[PDB]
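One structure is given here, and the rest of the page talks about it.
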Amino acid sequence: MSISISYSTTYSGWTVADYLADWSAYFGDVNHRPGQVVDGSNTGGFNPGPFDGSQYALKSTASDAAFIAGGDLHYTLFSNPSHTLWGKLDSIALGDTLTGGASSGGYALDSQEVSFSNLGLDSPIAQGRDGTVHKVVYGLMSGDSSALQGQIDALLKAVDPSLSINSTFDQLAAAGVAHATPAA
């Protein structure tokens, strides 16, 4: 099953690349880095956890932005290769106001902007932080969505070579890849 995109009508005339660059600058950087994860304020969380989930979600420390990564995800914590997020990444949902978590049966967003599904990414543990899943998710944590952009671009081009990260959301909808959020 090919990449599928949901978008708010707000972004109909935006390119995916422009949207993601703006979103990354808006979410910012939670400074989740060695020596800087010293309490619970910039960890994110897994469903179900503690270190593995069908979801990993993180709130911005700068804005009301959040993302939810869906798949079959694993974090090595202190085990070699340390601080590696790996496994299957099927979806990324971007928006405002993270809700829920493991204790309530899943994470959600009150105000999703855009989501990307059927990403088909799967990175093995032995690649460590060179894994694509790691780079995609860590990029979203740290204010740089270039890894995500690159993966979306490749998926779109494989559907049809006229599609790209520089297609508008409405162009992707005309191609059958994207769907605007229902009206009313």
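When 29, 39, 52 are checked against the criterion of being among the charged types (D, E, K, R), more than 22 Å from residue 106 (Cα to Cα) and within 17 Å of the chain's Cα centre (by Cα), 29 stands alone in meeting it.
Any residue that is small (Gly, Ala, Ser), in contact with an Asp or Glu (Cβ under 9 Å, 6 or more places away or on another chain) and touching a residue at least 40 places away in the same chain (Cβ under 8 Å) - is there at least one of those in segment 137-148? Yes: segment 137-148 contains one or more residues that are small (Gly, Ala, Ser), in contact with an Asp or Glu (Cβ under 9 Å, 6 or more places away or on another chain) and touching a residue at least 40 places away in the same chain (Cβ under 8 Å).
Here is a yes/no grid of residues against (1) part of a loop (DSSP other than H, G, I, E, B); (2) closer than 21 Å to residue 177 by Cβ; (3) not small (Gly, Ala, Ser):
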position	(1), (2), (3)
18	no, yes, yes
29	yes, no, yes
68	no, yes, yes
72	no, no, yes
81	yes, no, yes
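Screening 123, 115, 145 for residues that are within 21 Å of residue 77 (Cα to Cα), crowded, with 17+ Cβ neighbours inside 10 Å and of a type in the set (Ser, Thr, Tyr) leaves exactly one candidate, 123. Pull up segment 38-50, narrow it to residues that are part of a loop (DSSP other than H, G, I, E, B) and either touching a helix residue (DSSP H, G or I) at 6+ places or on another chain (Cβ under 7 Å) or among the β-branched types (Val, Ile, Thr) (or both), then point me to the one that is surrounded by the most Cβ atoms within 10 Å (Cβ to Cβ). So the residue we want is 49. Number of residues in segment 153-163 that are touching a residue at least 60 places away in the same chain (Cβ under 8 Å) and touching a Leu at 6+ places or on another chain (Cβ under 8 Å): the value is 2.
Take the residues of segment 145-176 that are assigned to a loop (DSSP other than H, G, I, E, B) and in contact with a helix residue (DSSP H, G or I) (Cβ under 6 Å, 6 or more places away or on another chain): which is nearest to residue 26 (Cα to Cα)? First the steps, then the outcome.
First, the residues of segment 145-176 that are assigned to a loop (DSSP other than H, G, I, E, B): 145, 160-167, 175-176.
Still in the running and in contact with a helix residue (DSSP H, G or I) (Cβ under 6 Å, 6 or more places away or on another chain): 145, 163-166.
Values: 145: 11, 163: 26, 164: 23, 165: 19, 166: 20 Å.
Filtering first and then ranking leaves 145.
Beta carbons closer than 6 Å, at least 6 apart along the sequence or on distinct chains, never pair a first residue in segment 44-55 that is farther than 13 Å from residue 77 by Cβ with a second that is among the hydrophobic types (A, V, I, L, M, F, W, C) and assigned to a loop (DSSP other than H, G, I, E, B).
Looking across 35, 13, 87, 95, one residue alone is under 26 Å from residue 164 (Cα atoms) and in a loop (DSSP other than H, G, I, E, B). It is 13. Residue 63 meets all of the listed conditions (1) surrounded by fewer than 17 Cβ atoms within 10 Å (Cβ to Cβ); (2) in a strand (DSSP E or B); (3) in contact (Cβ under 8 Å) with a residue 12 or more places away in the chain but one, namely (2).
Which pairs do you get when a residue that is more than 15 Å from residue 19 (Cβ to Cβ), found in segment 164-184, comes within reach of a residue that is surrounded by fewer than 17 Cβ atoms within 10 Å (Cβ to Cβ) and among the charged types (D, E, K, R), reach meaning Cβ atoms under 9 angstrom, with the pair 6+ apart or on two chains? The qualifying pairs are 175/160.
Across segment 1-10, which residue is farthest from the chain's Cα centre (by Cα) among those that are assigned to a loop (DSSP other than H, G, I, E, B) and under 12 Å from residue 172 (Cβ atoms)?
Going residue by residue through segment 1-10, those that are assigned to a loop (DSSP other than H, G, I, E, B) are 1-3, 8.
Applying the additional criterion that residues be under 12 Å from residue 172 (Cβ atoms) yields 2-3.
Working: 2: 17, 3: 14 Å.
Ranking the qualifying residues of segment 1-10, first place goes to 2.
One residue stands out among those in segment 72-93 that are touching a residue at least 40 places away in the same chain (Cβ under 8 Å) and at positive phi: the one that is surrounded by the most Cβ atoms within 10 Å (Cβ to Cβ), which is 87.
The numbers here are math on the coordinates, done by the rules we state, and not lab data. Using ideal geometry, Cβ is built from the backbone for each residue, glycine included, and neighbour counts are taken over all protein chains shown.
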